[PDB]
Amino acid sequence: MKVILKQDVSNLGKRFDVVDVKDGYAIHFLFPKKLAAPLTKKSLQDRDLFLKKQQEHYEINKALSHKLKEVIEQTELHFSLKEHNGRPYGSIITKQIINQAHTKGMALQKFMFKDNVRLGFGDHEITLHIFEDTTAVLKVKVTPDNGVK
Amino acid sequence: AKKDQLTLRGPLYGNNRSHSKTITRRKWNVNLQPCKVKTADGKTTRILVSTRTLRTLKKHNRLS
Amino acid sequence: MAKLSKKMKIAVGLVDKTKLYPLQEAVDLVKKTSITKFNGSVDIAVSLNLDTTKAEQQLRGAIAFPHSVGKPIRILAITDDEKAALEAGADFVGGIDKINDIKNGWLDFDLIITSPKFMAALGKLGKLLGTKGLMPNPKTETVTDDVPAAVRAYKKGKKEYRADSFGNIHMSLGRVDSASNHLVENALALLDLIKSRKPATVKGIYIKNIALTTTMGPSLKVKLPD
RNA sequence: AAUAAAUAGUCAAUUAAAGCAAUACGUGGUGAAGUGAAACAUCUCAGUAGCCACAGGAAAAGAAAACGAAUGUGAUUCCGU
RNA sequence: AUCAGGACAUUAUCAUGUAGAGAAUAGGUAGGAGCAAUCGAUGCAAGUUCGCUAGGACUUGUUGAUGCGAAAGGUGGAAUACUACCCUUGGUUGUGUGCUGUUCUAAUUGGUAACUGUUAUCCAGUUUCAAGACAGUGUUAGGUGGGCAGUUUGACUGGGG
RNA sequence: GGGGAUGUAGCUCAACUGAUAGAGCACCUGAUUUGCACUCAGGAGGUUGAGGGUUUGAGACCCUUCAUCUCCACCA
Ligand SMILES: [Mg+2]
Ligand SMILES: [Mg+2]
Ligand SMILES: [Mg+2]
Ligand SMILES: [Mg+2]
Ligand SMILES: [Mg+2]
Ligand SMILES: [Mg+2]
Ligand SMILES: [Mg+2]
Ligand SMILES: [Mg+2]
Ligand SMILES: [Mg+2]
Ligand SMILES: [Mg+2]
Ligand SMILES: [Mg+2]
Ligand SMILES: [Mg+2]
């Protein structure tokens, strides 16, 4: 019968998941380890409600994350040919605020907490790695243009 | 005795029919088995219940 | 698996191997799956629950189709009444002389019809004609005193049926250009005749599978297959 | 108390139960054998005797997931056929 | 509960094949003689499939079209292509079952020890140890079972046996 | 009362699941020793349990029987 596990186990389910196993293995040996409650509040429908809502907020997060990531993978129209000296110093040290002055409005919003670039924000006369992550799972790479104005 | 403690259903006396339909009195005993029923997280008595009552408790989430 | 030809992938893509295709629909589909430039045959394979090792379960006979199968048959008549056989529409007539021609290797005919008197001469040729299937059989009404009427019946589209060693009957119902109703009526007449020809010894399901196919087509598992 | 809590346990107060008989009726559990079948094992005796539990002034049963074959009757109980 | 193994039908996986005859690998038996080619040949070298010990294809290429004589000759019980279908067999995991084989434990068990109720060999609770899905118990079904029970074991007969 | 299987040299057995019956033993002969036995090899010993049915092809596949066996059943 269907049983919900509240934390993660190696097989079956990962944290909040549902597995349809026989009465079998634990039951009175599952309750003590309370690793898989029969349902949430033991109610088939109530567990439905709870797990559904939780993973639903989770996948609406999934949706906004995908939006950000793909609008980036498809557009990435963030251009900065910032004047570069050459022999004298020249780099992408334009932090990111000037760089985000081209993200919202002209392109995807590209939330502030979503571009997890490091403290360098580019430091060469050449394009470097731009790290933007919509969530902790989606990995976004941006390599925008650079040059001398 | 061979009886439930939650309900009172007990043994059934009957006939032992064989070839030639010879009659000998026999007794069917209930499948008495030991179980522990929690009650408000306490008094986990080791009661002796039948398998049918065990199934009823199991489908009732151990409620009695 | 051998790579299917380009045309057949299309033709196989038109056929659900799992669906139970109703007769009429199968015939209309069978006509559509003909990929050939020549006028193919429409053929039926009926798998029976027969042990053809059992003489009582050996199914052999003839069926007269309501409609012509559209294959011209050259008939050799071996009879004393050569004139009436010719008027019946035999393509070749003769007595012992044609038996000698057959002995010398002349085989430009598709069916032999004969009178009972000639089996002793033809029996000596059983190795040549029997391996080719040209040997007349009483069970097929190819051995008869009225050779002209039988000749007319075969020209009208009478065909022999025989169970193979596996208990299958294979017959050609018509051409691809033949009207679909004619093929359906021909198929029904065969199936009803087969049903009517049940050996008393065959227990259970008699027809295991019915398959319609063309000369160059996939088999379109007739309704209620396998 | 084991053992923090809590139960088990201990104590106190209040309320009921015990038993009897009517050599008779009710319900339930358990339940033979003599005997007959001209033997006997199926069967009968007989769910009788006996044993036990619970009553009551009666008890039990009781308002159709029914009878049953029809333009049908419409809780249970008891008598005749 | 987990792990491993085969066993099973077998998911999924391709090879593999000669009565003779007929150059023919003919595994068979159906419709009936074609049908593929830069998705690329033929001839050869390098591997391998394989016993009919012949033959079979393939890939490792060259190569660039042939055809192809199993398209079309050919004999053969059986025949030619190609649509077939079934394949012979094994090939690997395999599917979901049971089958013996381990490990772990919470079920459960204890006539191990300890504490408590408790001034108490029982019982109950909590442990600890030892087992352990075994055992025990319930239902069902075989085997043995004068230990026990209910009965039978004829009539004629110069008495009966 | 069915269900299955078996029947092949005299004996013990392969069965040559149709493209035309073989092995050990029994027996004859030959070699073989001073003798016996042993030893080796040829030959002989087959109408495939019987009958019927099919095809071009069956002891071999099918039907019918015969004998044998193992199972079950086996309350007139
Ligand atoms: Mg009795
Ligand atoms: Mg009696
Ligand atoms: Mg009596
Ligand atoms: Mg009352
Ligand atoms: Mg004791
Ligand atoms: Mg057990
Ligand atoms: Mg028993
Ligand atoms: Mg006895
Ligand atoms: Mg006795
Ligand atoms: Mg008696
Ligand atoms: Mg007497
Ligand atoms: Mg006397």
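Before reading further, recall that the structure is shown in the block above.
Below is a summary of the structure that appears in this document. (Residues numbered from 1 in each chain as written, not as in the entry; some residues may be left out. Chains lettered and ligands numbered in written order. Part of a larger assembly, values for the part shown. Heavy atoms only, no water.)

1. Thoughts on the overall build of chain B
Moving on, step 1. Scanning chain B for helices and strands turns up 1 helix and 4 strands.
Moving on, step 2. The secondary structure elements of chain B, listed N-terminal to C-terminal, are β-β-β-β-α.
Moving on, step 3. Its C-alpha radius of gyration of 16 Å places chain B more than 25% over the 11 Å reference for a compact globule of 64 residues.
Moving on, step 4. With the C-alpha coordinates aligned to their principal axes, the bounding extent of chain B is approximately 55 × 25 × 15 Å. (Helix = DSSP H or I, 4+ residues; strand = E, 2+ residues; numbered from the N terminus. Rg over C-alpha atoms; globule rule 2.2 N^0.38 Å.)

2. Describing empty space enclosed by the protein
Moving on, step 1. Here the structure, examined in full by the defined rule, presents 3 cavities of 30 Å³ or more.
Moving on, step 2. Put simply, the largest cavity is a space of about 230 Å³.
Moving on, step 3. Along the wall of the largest cavity there are 19 residues; nearest its centre are A:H78, A:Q96, A:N99, A:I130 and A:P144.
Moving on, step 4. Lining the second largest cavity are C:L111, C:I112, C:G133, C:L134, C:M135, C:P136, C:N137, C:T140, C:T142 and C:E160.
Moving on, step 5. By residue class, the composition of the lining of the second largest cavity is 5 nonpolar, 4 polar and 1 charged. (1 Å grid on protein atoms, 1.4 Å probe; cavity = no way out; pocket = protein on both sides within 12 Å on 5 of 7 lines; lining within 4 Å. Points joined across faces, edges and corners; volume = space filled by probe spheres on them. Nonpolar A, V, L, I, M, F, W, Y, C, P; charged D, E, K, R; others polar.)

3. Some thoughts on helix α2 (residues 23-32) of chain C
Residues spaced three or four apart along an α-helix point in a common direction, a consequence of the helix completing one turn every 3.6 residues.
All names here are of chain C.
Moving on, step 1. Buried within α2 are the following residues: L23, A26, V27 and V30. On an axial view of α2, the arc spanned by its buried residues comes to 100°, and they lie on one face.
Moving on, step 2. Tucked into the core, α2 has its buried residues touching β1 (41-48), α8 (180-196), β8 (207-214) and β9 (219-221). (Buried < 20%, exposed > 50% of the residue type's maximum accessible area, 1.4 Å probe, protein only. Arc of directions from axis to C-beta. Contact = heavy atoms within 4.5 Å.)

4. Points about the protein's contact with RNA strand D
All names here are of chain B.
Moving on, step 1. Around RNA strand D sit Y13, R17, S20, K21, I23, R25 and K43, and that is every residue in its neighbourhood.
Moving on, step 2. Restricting the count to atoms of RNA strand D within 4 Å of the protein gives a sugar and phosphate share of 87%.
Moving on, step 3. In this structure, a phosphate oxygen belonging to RNA strand D sits 3.0 Å away from a side-chain N or O atom of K43. (Near = heavy atom within 4 Å. Polar contact = N/O pair within 3.5 Å; in protein donor to acceptor, adjacent residues only side chain to side chain.)

5. A closer look at a positive patch on the surface
Moving on, step 1. A contiguous patch of positive charge, built from A:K34, A:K42, B:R55, B:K58 and B:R62, is present on the exposed surface.
Moving on, step 2. Locating B:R55 in the fold gives a position in helix α1 (residues 51-59).
Moving on, step 3. According to the relative accessible area criterion, B:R55 is exposed, its value standing at 60%. (Patch = residues over 30% accessible without salt bridge, like charges linked within 9 Å, V, L, I, M, F, W, Y side chains within 5 Å. Areas by Shrake-Rupley, 256 points an atom, 1.4 Å probe, with all protein chains shown as cover. Salt bridge = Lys/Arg side-chain N within 4 Å of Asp/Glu carboxyl O. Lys, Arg positive; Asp, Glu negative; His and termini not counted. Charge placed at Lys NZ, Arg CZ, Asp CG, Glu CD.)

6. A few points about the arrangement of the chains
Moving on, step 1. When C-alpha atoms are compared, chain A and chain C, though not in contact, are closest at a spacing of 31 Å.
Moving on, step 2. Kept free of each other, chain B and chain C leave a smallest C-alpha distance of 37 Å between them.

7. Observations concerning the sheet that holds strand β4 (residues 92-94) of chain C
Adjacent strands of a sheet pair through backbone hydrogen bonds, lying either parallel or antiparallel.
Residues and elements named next belong to chain C.
Moving on, step 1. Pairing is parallel across the open sheet formed by 3 strands, whose spatial order is β4-β3-β5. Strands at the two margins of the open sheet, each flanked by one partner only, are β4 and β5 (111-114). On average, each strand axis in the sheet is inclined to that of its neighbour by 20°, with strand direction left out of account.
Moving on, step 2. Against the sheet, helix α4 (residues 96-103) touches β3 (75-78), β4 and β5, its axis set at about 130° to β3.
Moving on, step 3. Sheet strands in contact with helix α7 (residues 147-155) are β3 and β5, and its direction is about 155° off that of β5. (Pairing = 2+ DSSP bridges. Axes fitted to C-alpha atoms, helices over the stretch in contact; angles between N-to-C directions.)

8. Re the packing of aromatic side chains
Moving on, step 1. Scanning all chains against the criterion turns up 5 aromatic pairs over all chains.
Moving on, step 2. Between A:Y25 and A:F29, the aromatic rings sit 5.0 Å apart at their centres with planes inclined by 75°, giving edge-to-face as the arrangement.
Moving on, step 3. Given a relative accessible area of 62%, A:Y25 falls into the exposed group.
Moving on, step 4. Of the aromatic side chains, those joined through ring pairs into one cluster are C:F92, C:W106 and C:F109.
Moving on, step 5. The ring of A:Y58 is capped by A:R15, whose NZ or CZ atom sits 5.8 Å from the centre of that ring.
Moving on, step 6. Sitting over the face of the ring of C:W106, C:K98 holds its NZ or CZ atom 4.4 Å from the ring centroid. (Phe/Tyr/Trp six-rings, centres within 6.5 Å; stacked < 30°, edge-to-face > 60°. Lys NZ or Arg CZ within 6 Å of the ring centre and 35° of its normal.)

9. Side note on the side chain of B:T53
Residue and element names in this part refer to chain B.
Moving on, step 1. Note on placement: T53 falls in helix α1.
Moving on, step 2. Among the polar contacts listed, one links the side chain of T53 to the backbone oxygen of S50, at a separation of 2.6 Å.
Moving on, step 3. Not counting the four nearest positions on each side in its chain, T53 is found in contact with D4, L6 and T7.

10. So, the protein's contact with RNA strand E
Moving on, step 1. Around RNA strand E lies a shell of 26 residues, among which B:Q33, C:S41, C:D43, C:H170 and C:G217 are the nearest.
Moving on, step 2. For RNA strand E, the fraction of protein-proximal atoms (within 4 Å) that sit in sugar or phosphate groups is 73%.
Moving on, step 3. The side chain of B:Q33 places a nitrogen or oxygen atom 2.6 Å from a base nitrogen of RNA strand E.
Moving on, step 4. When contributions to the surface near RNA strand E are tallied by element, the ones reaching two or more residues are β2 (25-28) and β3 (32-37) of chain B together with α1 (6-13), β1 and β7 (168-175) of chain C.

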